[PDB]
Each structure stands twice: as structure tokens, then as C-alpha cells.
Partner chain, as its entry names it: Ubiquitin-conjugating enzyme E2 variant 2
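Have a look below at one chain only, the form deposited without the partner chain, in C-alpha cells format.
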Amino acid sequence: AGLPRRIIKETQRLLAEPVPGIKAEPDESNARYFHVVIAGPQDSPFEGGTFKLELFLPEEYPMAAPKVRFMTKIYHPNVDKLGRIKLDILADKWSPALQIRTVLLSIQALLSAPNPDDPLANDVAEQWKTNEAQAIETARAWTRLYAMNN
């Protein structure tokens, strides 16, 4: 009952070479379970926010994607109320050459470029389309409230 070699090396390297704005650390009692914090992108409504995520490496990793959820509430067309992320690299566009590090950088990318035309949170997206400036200021307020001092 030991981890694939991939998880061991990938984990050493992740910690060896941290990325600015991203913190990801395995749970001491569970090497498949990662505590994550990501900074909101700069020049986004999420800027200045610190967003908690969980990441889980399922049994078929890296042939299957990490399972990933927001734990910090966020206002975004492709994330729902329960913090689930609809994102093609976590499903059909996964590649085994992607890794924890680049999954997390892709989530940031997703915050910097939301896609309300193909949404997960229908109300959020409807706001985003029909009144983008307002949807943006809502994201900024939710960022202050939930994703600062947390």
C-alpha cells in the first residue's frame, strides 16, 4: 500500500519549487489529499483574495484528473455554490502530462478569464452576460467578504 512513483516525485518537486500565488501541501495523514490556497489573479475582481481549495488524486492518477473543489465561496460562472469547477482539463481535456502545479495555474487562468457563455452557475452567468460591470463588482465584494482574512 504505497503511492505511485509519480505522486512521490511530483510532490517533492511541487514543494521544492513553489509558485508565487499558489500554495499546495499534502495532508500529513493522506498523501493523495492536498490543501490548497491560490491568490486571485491580478487585474481581476478576485485580486487580493486568498481562495482555499481541496485537491484529491484519485486511484487512476495520472491517467485521470485530480478532483478539485473550491472551499472558499466565489462568484464565478464556472464555479457553483458548492465550490465545484466545470473545467475541461479536469474532465475531457485532461492530459497525464498536466500536474498539480499546472492544474492550479489553470484554475487561476479560469478566474482571470471567466466563461459565462457555457456556465455552471446559471444565475451568475446570466448576471455576467446581461450586466458584466455589476457582476464584476459582485465578484469583488464576495472577494472582500469570503476571501480576505480567511
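Numbering follows the first chain given and starts at 1.
We do not show the form solved in complex with the partner chain, though everything after this point is about it.
A.B. asks: Taking any heavy atom pair closer than or equal to 4.5 Å as contact, tell me whether residue 55 reaches the partner chain in the deposited complex.
C.D. replies: Close contact exists here: in the deposited complex, residue 55 approaches the partner chain to within 4.5 Å, heavy atoms only.
A.B. asks: Taking 4.5 angstroms as the cut-off for heavy atoms, does residue 36 touch the partner chain in the deposited complex?
C.D. replies: No.
A.B. asks: Quick one: is residue 70 in contact with the partner chain in the deposited complex, heavy atoms, 4.5 Å cut-off?
C.D. replies: Close contact exists here: in the deposited complex, residue 70 approaches the partner chain to within 4.5 Å, heavy atoms only.
A.B. asks: Would you mind checking 1-38 for residues with a heavy atom within 4.5 Å of the partner chain in the deposited complex?
C.D. replies: Those in contact are 1, 29, 30, 32, 33.
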